[PDB]
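Report on one structure; see the data block that follows.
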Amino acid sequence: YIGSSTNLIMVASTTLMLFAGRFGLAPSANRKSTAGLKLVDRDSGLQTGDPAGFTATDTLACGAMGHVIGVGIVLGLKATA
Amino acid sequence: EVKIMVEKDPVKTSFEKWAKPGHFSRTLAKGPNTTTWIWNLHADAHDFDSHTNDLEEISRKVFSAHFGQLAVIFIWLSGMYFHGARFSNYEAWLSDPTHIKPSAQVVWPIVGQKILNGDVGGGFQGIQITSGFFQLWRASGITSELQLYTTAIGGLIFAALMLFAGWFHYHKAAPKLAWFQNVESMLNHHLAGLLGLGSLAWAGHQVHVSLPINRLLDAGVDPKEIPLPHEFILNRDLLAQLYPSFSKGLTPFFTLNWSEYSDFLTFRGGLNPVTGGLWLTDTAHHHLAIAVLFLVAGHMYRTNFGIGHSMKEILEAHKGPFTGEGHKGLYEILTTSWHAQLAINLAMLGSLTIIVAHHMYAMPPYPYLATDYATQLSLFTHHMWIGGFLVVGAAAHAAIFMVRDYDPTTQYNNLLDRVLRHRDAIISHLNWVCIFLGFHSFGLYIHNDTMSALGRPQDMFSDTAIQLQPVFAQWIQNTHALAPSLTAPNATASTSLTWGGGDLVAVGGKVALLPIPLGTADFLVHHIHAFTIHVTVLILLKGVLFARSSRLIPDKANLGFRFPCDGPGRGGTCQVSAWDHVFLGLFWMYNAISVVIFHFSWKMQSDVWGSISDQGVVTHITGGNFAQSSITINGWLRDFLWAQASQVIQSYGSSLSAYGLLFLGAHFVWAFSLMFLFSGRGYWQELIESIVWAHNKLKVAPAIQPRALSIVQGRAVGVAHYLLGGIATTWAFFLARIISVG
Amino acid sequence: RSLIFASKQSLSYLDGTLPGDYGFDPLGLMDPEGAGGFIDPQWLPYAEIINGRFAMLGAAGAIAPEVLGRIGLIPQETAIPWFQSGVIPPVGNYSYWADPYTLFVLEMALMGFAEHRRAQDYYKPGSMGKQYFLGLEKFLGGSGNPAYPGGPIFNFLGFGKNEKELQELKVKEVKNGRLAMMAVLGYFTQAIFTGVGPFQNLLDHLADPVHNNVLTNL
Amino acid sequence: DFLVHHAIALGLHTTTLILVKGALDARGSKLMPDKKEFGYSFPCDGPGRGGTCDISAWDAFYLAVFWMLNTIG
Amino acid sequence: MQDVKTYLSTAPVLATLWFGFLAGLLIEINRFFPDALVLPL
Amino acid sequence: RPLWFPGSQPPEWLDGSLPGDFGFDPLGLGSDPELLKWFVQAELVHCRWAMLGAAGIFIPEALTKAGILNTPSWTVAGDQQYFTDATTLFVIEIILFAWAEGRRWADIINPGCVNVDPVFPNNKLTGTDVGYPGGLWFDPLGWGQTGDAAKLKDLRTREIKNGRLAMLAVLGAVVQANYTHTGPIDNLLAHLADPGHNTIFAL
Ligand code: CLA
Ligand code: CLA
Ligand SMILES: CC1=C[C@H](O)CC(C)(C)[C@H]1/C=C/C(C)=C/C=C/C(C)=C/C=C/C=C(C)/C=C/C=C(C)/C=C/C1=C(C)C[C@H](O)CC1(C)C
Ligand SMILES: CC1=C(/C=C/C(C)=C/C=C/C(C)=C/C=C/C=C(C)/C=C/C=C(C)/C=C/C2=C(C)CCCC2(C)C)C(C)(C)CCC1
Ligand SMILES: CC1=C(C/C=C(\C)CCC[C@H](C)CCC[C@H](C)CCCC(C)C)C(=O)c2ccccc2C1=O
Ligand code: SF4
């Protein structure tokens with residue numbers, strides 16, 4: 001199951017979305033997207049040990065978008081291939 | 001910024017405010033002086049905005065009133081489960097439901113009313129219920145009346161909890177105004193916590209309890225020997241013998257092998273041929289999907305965790321060149337006015353209840369729902385009346401928002417200001433499309449009546465005369481029947497049987513559903529429906545738009561909501577108020593919804609409901625007369641209002657004679673309404689003056705002066721008796737006819 | 001000065017005078033701005049104390065008949081998991097000297113003579129050691145903080161006499177208290193998923209950890 | 001026949017009630033003493049003093065046309 | 001009871017308590033003496 | 001002052017002057033002073049009828065179990081046949097209690113008015129408090145008329161607390177007959193054998 005295609009997608013869907021939320025490529029708690037889809041910084045109040053601003057909300061938020069997207073890729077590829 | 005703001009002990013829990021009746025209003029706190037004080041005592045009882053100007057105490061009053069309403073509904077559900085537990089034949093109906101009628105009300109043998117305890121079957125006497133609770137409990141997997149008694153006492157426990165919470169959130173810890181103004185958190189916890197987790201919990205019930213018990217009920221197993229609902233959870237081999245996908249044990253859920261759950265989570269579609277109700281593998285996949293979708297939608301808005309949406313930022317970015325500064329201030333509308341949110345919520349709940357009515361005759365969700373025609377007619381009719389009442393109340397509280405909460409300084413050049421700026425165009429073009437619909441539907445009915453009266457059947461709008469076939473509906477019904485083959489692959493059958501995919505489902509020798517034809521008669525009555533809905537929209541939207549002012553009365557917002565008139569000036573300003581438009585839209589809701597349920601009752605008694613004999617022949621209740629008689633008003637009076645009323649008037653001396661009594665008493669309440677509607681206050685005031693003189697002569701004058709009812713109150717009493725009498729007339733006629741022929 | 005999972009909203013009221021004041025409050029539950037009946041800064045640290053001490057009696061008590069049965073100090077009829085011990089008579093019922101419905105009435109009679117006394121000391125401290133109760137009402141007076149009475153009965157070894165010693169020992173009570181709540185919640189989910197007691201769940205995982213984890217066992 | 005003769009007596013008595021009430025409160029009443037100076041068939045007297053809808057004697061005739069229709073029906 | 005009995009003495013409660021007693025009495029007359037069309041006394 | 005709920009503040013209307021006062025008024029129905037004197041009078045005759053009730057329920061059925069007397073059970077005692085019919089036993093009792101409780105009705109309304117015997121005016125009751133009539137017919141031993149008030153209050157407190165145990169007992173005998181269909185002495189001896197199981201949850 002470790003080398004199966006379900007595990008490799010769901011790891012990479014979660015890892016890349018956490019990479020996007022940490023390296024300033026995705027919306028997070030400490031940075032907002034406007035109507036022009038432009039990342040502007042904000043102070044949400046949440047304090048962690050990350051210098052970039054990644055908090056406990058974003059690792060639950062990007063894990064969920066690692067999972068909502070990741071479920072659809074796995075079952076999209078299951079019905080197709 | 002979203003967090004809990006409450007404060008402790010706002011008002012002391014005392015009975016000294018119970019003793020003074022008009023404590024909430026300053027005018028009624030002086031005590032009574034006329035008999036109109038009693039009517040303004042009830043009229044201003046729930047009107048919390050007229051009591052105080054502070055929105056915080058208003059919102060606390062509304063929250064504890066919600067808890068009192070929840071307590072009343074839980075008391076009602078406790079009663080209906082206690083009536084199933086003690087005063088029903090639910091086990092007898094559950095043994096075989098194709099011959100025993102659902103009954104859950106026993107009357108007391110006192111004054112001859114013991115004939116109302118009729119032979120419903122199963123060795124039981126009582127009122128045959130049409131509320132659908134028996135099929136609902138069969139779909140819930142309820143096997144014994146001990147489970148009904150447990151649900152009744154649990155509902156009583158929850159009713160005590162709602163009463164305790166209503167006392168708690170007004171007298172011990174009541175929330176402040178910014179707690180209620182956290183609408184993003186409220187939507188996040190209603191979408192995810194209420195509608196998402198509620199659908200998920202009912203999905204878990206419909207995986208563990210409803211599905212195996214209802215599978216055993218399709219196998220002819222006696223419900224006294226069916227294993228109890230916790231035995232499927234405990235002995236999972238007993239659950240695995242009915243569905244082999246349970247033998248894997250939650251490992252395909254977390255490894256995304258959801259297709260291995262294809263044994264019990266299916267996209268079948270259609271009805272169970274054993275029972276005539278939707279599949280619970282589809283209703284469990286439905287609830288799991290709307291739960292994995294409402295919980296996703298509940299993570300949308302911004303509370304206090306950074307991620308989310310401020311919905312003011314959603315609104316204020318939605319602005320267009322045809323509007324300019326639109327959608328701005330609507331957040332300030334919907335967070336500082338309870339009536340605006342009440343208008344939107346009432347419109348969605350009423351329209352949703354109409355969705356419920358259509359999505360239950362057409363896709364019957366409960367086992368043996370469709371073949372019990374009394375349940376189908378009563379459920380559709382009840383939800384149409386509730387939906388029409390809630391959309392008229394939506395327009396009512398829209399108009400109350402205009403007359404009492406619309407601030408014009410905060411709303412400049414937005415959508416609402418511009419809709420008020422061209423309200424003559426809206427009401428005039430609505431007036432044109434209403435008159436056009438009225439001629440092109442009802443004058444088509446008058447034309448059919450005239451040429452059928454003049455001996456010209458070829459000059460009519462029939463299926464044999466000039467045809468008016470609904471080609472868009474007849475194409476959308478073919479598109480929904482020929483869907484599984486190409487546009488919706490993964491479906492075993494089609495969504496509903498009323499589309500055209502065959503599958504003549506016969507349950508108990510009675511027709512559950514079949515392909516519903518749509519012809520010239522359906523075109524005419526759907527244009528009647530569109531016309532009546534449009535006219536109801538015309539009075540109601542005219543009352544919303546002209547609540548502030550008019551060309552007639554430019555200071556109408558100062559006069560209020562429940563004012564009668566300005567006076568006999570400007571030719572007469574009678575019923576200028578927005579309340580009077582709600583009052584007239586109540587009549588147009590009667591007209592609209594009554595023709596809707598009349599079209600429903602005749603359309604499915606003629607083309608759906610019936611019996612199937614040998615060699616596949618279908619005999620309906622009124623065989624094939626909707627296509628030829630429902631195009632004339634004489635057919636509606638004759639083959640519907642006279643032929644089907646031949647069981648509400650000769651039901652006397654039988655168990656259905658209370659329907660005859662309430663049919664006649666409903667005619668009484670309707671003709672009683674015409675006393676209040678057609679008359680006015682001053683006549684009754686001078687007649688009461690003569691009666692007061694006769695009381696002064698015999699020294700029996702009350703100090704509370706007898707007064708005639710107010711003009712707003714006289715119209716309210718007249719429309720209340722009109723709706724009560726007419727709706728009770730249709731209730732009695734429906735529940736006598738379709739019980740008698742069902 | 002260890003601080004984890006904190007926010008500027010959370011440090012406005014969590015100033016460090018609490019025993020387990022590590023700043024963990026993302027939802028904002030002990031806010032004194034909207035203090036009410038049960039969501040308030042006076043009941044919530046005291047709620048964590050009573051839920052902590054019942055879980056430390058709970059996490060130790062749900063594993064002690066299973067550990068003592070493997071080492072051979074109790075009979076095997078009582079060496080049973082916690083769920084099949086009369087608590088949930090579906091998954092298992094053990095015959096005591098009374099049926100558990102009668103034992104529940106005996107429970108809330110003795111809890112009602114113990115937690116009603118604990119209730120009214122929270123609403124007013126020291127107001128219970130005035131009425132006569134079996135000649136022992138003088139010891140049941142309590143301190144100002146209702147979580148720690150520290151009388152002749154609840155501190156009958158007198159451990160923690162120094163104020164600096166008692167305050168640092170209160171940190172060890174809540175941290176062992178919080179671990180026990182996650183243990184009982186951990187005991188609850190393992191009883192439904194695995195269907196076997198928690199000491200057998202530890203012994204199954206200690207042999208083959210890659211084949212007896214949460215992912216393999218349901 | 002007894003019961004419908006009391007229906008007939010109800011119809012004549014209530015029509016006579018509205019019509020005698022219109023004829024004798026024609027000049028004025030305690031709600032409005034100057035009904036004679038407003039003519040016979042005036043609409044109302046305004047929403048003030050509680051409400052004066054159908055106060056005129058023509059309106060009592062109007063309300064008793066429904067009662068003669070019900071009576072003769 | 002200086003105000004609880006005042007609420008119990010209000011017009012809707014006293015109408016409910018009297019007509020509850022009144023319909024309670026007339027039903028119980030109609031049980032032990034039913035179908036009464038002629039007063040024999 | 002002993003109180004029912006030792007942390008709670010006692011109510012203002014229950015000042016401890018009444019016998020058996022322990023501050024138990026959560027619903028506060030004795031808040032009115034005029035209704036409190038009626039309810040104390042209601043509690044006195046409730047206490048003494050239940051103690052007379054408990055001596056006709058639990059005393060002769062204990063003698064029925066021990067074989068001292070062959071009296072029937074208290075639930076089926078009214079069903080038995082006597083020399084007077086039970087329908088017309090009531091109207092003898094109603095007439096006899098229209099003089100017993102109707103003359104007691106005047107003492108609650110007007111104190112010190114029905115203390116004089118109407119047939120013979122020399123006979124009178126030696127009583128000064130409402131609900132405690134005294135005299136030879138009701139207090140023939142004179143124990144209820146003492147000079148000291150602390151002993152007199154405790155003896156009236158002893159009367160109330162003995163009463164309210166029986167009001168739990170006669171109500172307890174009613175529900176035990178509805179649930180177990182067995183005499184309460186036989187419910188006691190069934191409970192005295194195995195008290196762990198023979199309870200309300202024995203079903
Ligand atoms: C996830 C938490 C959650 C959930 C489940 C709900 C659920 C509900 N809310 Mg609530 N609400 C919440 C949080 C939540 N709320 C938040 C965060 C806000 C503050 C911004 C509000 C403020 C709000 C107000 C102001 C009102 C509600 C109302 C409602 C009710 C909907 C009306 C109805 O008939 O529904 C169906 C009803 C039921 C199914 C009854 C369920 C009742 C049980 C006891 C659960 C309710 C307790 C609690 C909310 C969740 C406990 C979960 C528990 C089961 C473990 C329902 C009880 C309305 C109402 O009726 O007021 C009383 C109302 O207008 N909500
Ligand atoms: C979600 C539901 C909802 C909400 C919250 C409210 C809330 C309110 N409504 Mg209402 N409204 C709604 C839906 C609702 N309504 C619907 C369904 C309609 C269409 C009928 C309207 C039409 C509307 C108008 C026309 C007005 C309001 C107004 C009121 C306010 C106070 C009314 C009052 O004191 O009660 C008074 C309650 C009664 C008089 C009880 C009478 C009940 C009916 C009318 C008769 C009995 C029906 C019963 C089923 C028959 C039994 C007969 C039997 C006893 C013999 C309050 C803001 C009034 C206001 O001023 O708003 C600020 C008002 O003018 N409402
Ligand atoms: C105070 C209070 C406070 C606030 O107010 C709140 C509340 C809660 C309301 C309260 C409380 C209440 C209560 C608890 C009540 C109850 C009571 C009772 C139980 C009584 C009885 C009471 C009782 C009684 C008198 C009894 C009596 C009895 C009798 C006569 C008996 C008799 C008899 C006998 C001998 C035997 C024989 O063989 C038979 C007979 C004949 C049968
Ligand atoms: C500390 C640190 C680190 C680490 C970090 C990490 C690694 C993280 C992780 C994290 C993660 C890894 C997370 C995850 C999460 C997840 C989640 C959050 C989930 C959720 C879920 C949900 C949302 C649900 C689900 C679902 C779906 C989706 C569909 C249907 C079915 C279900 C319902 C099941 C590093 C190394 C960098 C460095 C040093 C420091
Ligand atoms: C009849 C009528 C009245 C008079 C209606 C009245 C006076 C209401 C009568 C209510 C009841 C019947 C009187 C009050 C009853 C008391 C509770 C006393 C109880 C007595 C018996 C009912 C037991 C109007 O005021 C009116 C106003 C505007 C348009 C039409 C009309 C209208 O048609
Ligand atoms: S009749 Fe009544 S509502 Fe009409 S104008 Fe006159 S006062 Fe106003």
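A note on names: the letters A, B, ... follow the listed sequences, proteins ahead of strands, and every chain is numbered from 1. Values below: every heavy atom of this structure, side chains too, minus hydrogens, waters and symmetry copies.
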Does the ring center of B:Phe598 lie less than 6.0 Å from the ring center of B:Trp602?
no
Is it the case that more than 12 heavy atoms not belonging to B:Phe267 sit under 6.0 Å from its CZ atom?
no
Any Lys/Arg nitrogen of B:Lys101 or B:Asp372 sitting under 4.0 Å from an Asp/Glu carboxylate oxygen of the other?
yes
Do the rings of B:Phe600 and B:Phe380 sit parallel, tilted or perpendicular, given the 30° and 60° boundaries?
parallel
Quick one: are B:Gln147 and B:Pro229 in side-chain contact, heavy atoms under 4.5 Å?
yes
Can you establish whether the number of heavy atoms outside F:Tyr179 located under 6.0 Å from its atom OH is more than 12?
yes
Check whether any side-chain heavy atom of B:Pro227 sits under 4.5 Å from a side-chain heavy atom of B:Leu238, and report yes or no.
yes
Any side-chain heavy-atom pair of B:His83 and B:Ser88 under 4.5 Å
no
Answer yes or no: is there a side-chain heavy-atom contact under 4.5 Å between B:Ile142 and B:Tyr81?
yes
Counting only heavy atoms from other residues, nucleotides and ligands, does the tally under 6.0 Å from OH of B:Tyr243 exceed 12?
yes
Tightest non-hydrogen contact, residues B:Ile739 and B:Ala374, listed as CG1-CB, 3.7 Å
May I have the step-by-step check of ring pair (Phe, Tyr, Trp, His ring centres under 6.0 Å) for B:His205 and B:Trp202, ending in yes or no?
CA-CA 5 Å; B:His205 177 93; B:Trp202 187 249; 4.3 Å; yes
Could you check if a side-chain atom of B:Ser247 sits within less than 4.5 angstrom of a side-chain atom of B:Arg236, using non-hydrogen atoms only?
no
Is the closest side-chain heavy-atom distance between B:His189 and B:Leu194 below 4.5 Å?
no
Would you say that more than 12 heavy atoms from the other residues, nucleotides or ligands in this model lie under 6.0 Å from the OH of B:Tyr366, or not?
no
If the plane angle is over 60° it's perpendicular, under 30° parallel, otherwise tilted; pick one for B:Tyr373 and B:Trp609.
parallel
Are the aromatic rings of B:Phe124 and B:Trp93 close, with centres under 6.0 Å apart?
no
Would you say that B:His620 contacts B:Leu514 through its side chain, given a criterion of any heavy-atom pair below 4.5 Å between the two side chains?
yes
